[PDB]
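Participant:
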Amino acid sequence: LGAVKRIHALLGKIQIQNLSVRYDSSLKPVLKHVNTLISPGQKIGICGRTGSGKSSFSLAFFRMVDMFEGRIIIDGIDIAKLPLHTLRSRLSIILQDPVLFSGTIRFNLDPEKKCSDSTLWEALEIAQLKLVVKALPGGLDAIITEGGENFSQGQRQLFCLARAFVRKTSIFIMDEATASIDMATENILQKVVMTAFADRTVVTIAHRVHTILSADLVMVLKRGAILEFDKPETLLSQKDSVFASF
């Protein structure tokens, strides 16, 4: 009866306007009066804290919370008025480290269950993954045993990128790698990011200013507010906090 009591104990245009949010509502607002606008096809870098707006940027994109004040619009519509499951289902995420299921490669590459194997494999060709897909032992039918640990970090990154491509997202969210890969592979990865972000809205969670020197735009955050946003050369010319981080 203690065990049953344990069982009972078991139960593409984007603009932010003046958005404030706090999970606690007590310690501090997470973001305070953030304002910026991203045109379709712009490559946008978010800089400031690591995870207060890596996480606040991602959390707002995933709609993990509504704002306390202000509004967040996606494609001209306030995110408080969209079906959350439809929103998140219509949003593709490719992070630096992707978690995969202990199933087939094809099955690991289906978070879009009605995709045909041909369209997925073709999508991997478009998203430059088909070569390493083909050189997996069973190709598309290769069981991703141990949740994807027989693939490299880079090959997993490509897989995640194709997984975004297959979902035909309007907007991309990319988690910047915390380590290096190679010169030809990080260089390729950046080329893939450039092609992905071509004609599309790109949200880069930036931490290092080292990579973001060829971002179309960098958004610099301080104490929960966006104080400045521009391109890297101009931000370096500003000589402020982002220039000190650059």
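Going by our numbering, the first residue of the sequence shown is number 41, and it counts up by one from there.
Note that beta-carbon positions come from the ideal geometry of N, C-alpha and C, so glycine has one too.
Rounded to whole angstroms, what's the CA-CA distance from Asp115 to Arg103? Just pull it up for me.
Facilitator: For the purposes of this step, residue 115 is identified with residue 75 of the sequence shown, where counting begins at 1. For the purposes of this step, residue 103 is identified with residue 63 of the sequence shown, where counting begins at 1. Cα to Cα, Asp115 sits roughly 14 Å from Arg103.
Participant: Return the first residue and the last residue of the alpha helix (DSSP H) that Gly93 is part of.
Facilitator: Position 53 of the sequence shown, counting from 1, holds the residue named residue 93. Residues 91-102.
Participant: Taking the Cβ atom as the reference point for each residue, do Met214 and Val233 lie within a distance shorter than 8 Å?
Facilitator: Taking the first residue of the sequence shown as 1, we reach residue 214 at position 174. Taking the first residue of the sequence shown as 1, we reach residue 233 at position 193. Yes, these two residues count as a Cβ contact at 8 Å.
Participant: For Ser66 and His73, I'd like the C-alpha separation in whole angstroms.
Facilitator: On the sequence shown, residue 66 is found 26 positions in, with the first residue counted as 1. On the sequence shown, residue 73 is found 33 positions in, with the first residue counted as 1. Approximately 17 Å between the Cα atoms of the pair.
Participant: Distance check for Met223 and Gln197, CA to CA, integer angstroms please.
Facilitator: Here residue 197 refers to the residue found at position 157 of the sequence shown. Here residue 223 refers to the residue found at position 183 of the sequence shown. Straight-line Cα distance between these residues: approximately 15 Å.
Participant: State the CB to CB distance for the pair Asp256 and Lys83, rounded to an integer number of angstroms; the pair is presumed to be in contact (CB under 8 Å).
Facilitator: Locating residue 256 in the sequence shown gives position 216, counting from the first residue. Locating residue 83 in the sequence shown gives position 43, counting from the first residue. With a Cβ gap of about 4 Å, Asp256 and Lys83 count as contacting.
Participant: Taking only three categories from DSSP, how would you classify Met223?
Facilitator: Looking up residue 223 in the sequence shown gives position 183. In this structure, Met223 counts as helix in the three-state DSSP scheme.
Participant: My understanding is that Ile134 touches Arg203, with C-beta atoms under 8 Å, so please give their C-beta distance in whole angstroms.
Facilitator: Working through the sequence shown from its first residue, we reach residue 134 at position 94. Working through the sequence shown from its first residue, we reach residue 203 at position 163. About 6 Å; that satisfies the 8 Å criterion.
Participant: Let me know if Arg263 comes out buried or exposed under the rule of 16 or more other beta-carbons within 10 Å of its beta-carbon.
Facilitator: Reading the sequence shown from its first residue, position 223 is the one you call residue 263. Label assigned to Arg263: exposed.
Participant: With burial defined as no fewer than 16 other Cβ atoms inside 10 Å of the residue's Cβ, what is the status of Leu140: buried or exposed?
Facilitator: Position 100 of the sequence shown holds residue 140. So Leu140 ends up on the buried side.
Participant: Which one or two residues does DSSP pair with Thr241 in a beta bridge?
Facilitator: Stepping through the sequence shown from its first residue, residue 241 is reached at position 201. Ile211, per the DSSP bridge assignment.
Participant: Please report the straight-line C-alpha distance between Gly179 and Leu275, rounded to a whole angstrom.
Facilitator: Numbered from 1 along the sequence shown, position 139 holds the residue referred to as residue 179. Numbered from 1 along the sequence shown, position 235 holds the residue referred to as residue 275. Those two C-alpha atoms are separated by around 46 Å.
Participant: Considering just the uninterrupted stretch of the alpha helix (DSSP H) at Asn148, what are its terminal residues?
Facilitator: Taking the sequence shown and counting its residues from 1, one reaches residue 148 at position 108. It spans 145-148 - the alpha helix (DSSP H) in which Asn148 sits, taken as one unbroken run.
Participant: Quick test of your reading: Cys200 and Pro151, contact by CB under 8 Å. State the CB separation rounded to the nearest angstrom.
Facilitator: As a first step, residue 200 must be located in the sequence shown, where it is residue number 160. As a first step, residue 151 must be located in the sequence shown, where it is residue number 111. Not confirmed; about 10 Å, so no contact.
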